[PDB]
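Asker: Structure below; questions to follow.
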């Protein structure tokens, strides 16, 4: 209403798809930073492989080099199945990476709207039923098309570049990327309503993003030390 912002909508809207009570709740940019957390990690990974060369690849004959490198990574469209737990680590490092920056912002000073985030004395909601919706963010399909729209154009990623003729080159990696975004939110939000509620708060506590990501990486590490 105040201003357009597809990004915030991705997290805000998806989170709003849950309990109707959040039909008009504008939490602090903390939840927004969470969105960027998922993007920040993927951005580095994507940038690490794509490289400015992939962007201007067409212009640069290098269209066949760092490009094939990006193809040798995540090029395989396989779903988690314990194929290599030792490797799932590196992927977890990326998730933890975004968890670190969130640890720093974990002290954000509500510079915008004000809801029961940490103070627990403000509520910007219409009202509904008090329960753990946990509608699973995997339901993120309302307006997620905006994510790919700006996610790619922003990086102008050419990907494998030398498609060779596949064409279907694109859509595979971006699809899996969205997959992790769903599970990321799913675990985070479900934990948000659970932990945020136990915190006599019905909003988005940075503790959820930090604590949620913490337990996720812990289980993935296959340890509990």
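Residue numbers (PDB author numbering): 1 to 225. Ideal Cβ positions, reconstructed from N, Cα and C, are used throughout, including at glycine.
1) Going by beta-carbon coordinates alone, are residue 30 and residue 206 separated by less than 8 Å?
2) Buried or exposed: where does residue 42 fall if 16 or more other Cβ atoms within 10 Å of its Cβ makes it buried?
3) DSSP on residue 160, reduced to helix/strand/coil?
4) Please return the same chain residues whose Cβ sits closer than 7 Å to the Cβ of residue 186, not counting the five positions on each side in sequence.
5) On the DSSP letters alone, give me the boundaries of the alpha helix (DSSP H) that residue 220 sits inside.
6) Tell me the residue span of the alpha helix (DSSP H) that contains residue 196.
7) Might you give, ordered along the chain, the residues of its own chain that have their beta carbon closer than 7 Å to the beta carbon of residue 182, omitting 5 neighbours on each side?
8) Return the first residue and the last residue of the alpha helix (DSSP H) that residue 184 is part of.
9) Could you round the C-beta distance between residue 142 and residue 13 to whole angstroms and report it? I think they count as a contact, below 8 Å.
10) Taking all protein chains shown into account, decide if residue 3 is buried (16 or more other Cβ within 10 angstroms of its Cβ) or exposed.
11) From residue 189 to residue 164, what does the alpha carbon distance come to, in whole angstroms?
12) Compute the Euclidean distance between the alpha carbons of residue 146 and residue 166, then round it to the nearest angstrom.
13) Report back the beta-carbon spacing between residue 35 and residue 7 to the nearest angstrom; my notes put them in contact at under 8 Å.
14) So residue 7 is in the alpha helix (DSSP H); what residue range does that whole segment cover?
15) Name the two residues that bound the continuous alpha helix (DSSP H) containing residue 94.
16) What's the C-alpha gap between residue 26 and residue 60?
17) Determine whether the beta carbon atoms of residue 113 and residue 124 lie at a separation below 8 Å.
18) Can you check which of these residues, 129, 48 and 77, is closest to residue 168 by C-alpha distance?
19) Please report the distance separating the alpha-carbon of residue 176 from that of residue 90.
20) How would you label residue 52, buried or exposed, when you count the other beta carbons within 10 angstroms and need 16 or more for buried?
Answerer: A quick look at the data gives this:
1) Taking 8 Å as the Cβ cut-off, residue 30 and residue 206 qualify as a contacting pair.
2) Residue 42 comes out buried.
3) Residue 160 sits in coil when the DSSP states are folded into three classes, being neither helix nor strand.
4) The residues are 136, 137 and 138.
5) Residue 220 -> alpha helix (DSSP H) spans 206-220.
6) Per DSSP, residue 196 lies in no alpha helix (DSSP H) and is assigned neither H nor E.
7) 137, 138 and 140.
8) 172-191 is the extent of the alpha helix (DSSP H) around residue 184.
9) With 8 Å as the limit, residue 142 and residue 13 qualify as a contact, their Cβ atoms being about 6 Å apart.
10) The residue in question, residue 3, is exposed, as its Cβ has fewer than 16 Cβ neighbours within 10 Å.
11) A straight-line Cα-Cα distance of about 41 Å links residue 189 and residue 164.
12) Straight-line Cα distance between these residues: approximately 25 Å.
13) Beta-carbon to beta-carbon, residue 35 and residue 7 are separated by about 6 Å, close enough to satisfy the 8 Å threshold.
14) Here the alpha helix (DSSP H) through residue 7 covers 6-16.
15) Unbroken alpha helix (DSSP H) run through residue 94: 85-105.
16) One C-alpha to the other measures close to 45 Å.
17) Between residue 113 and residue 124, the CB-CB gap stays under 8 Å.
18) Closest by alpha carbon: 77.
19) Looking at the two C-alpha atoms, the distance is approximately 16 Å.
20) Exposed.
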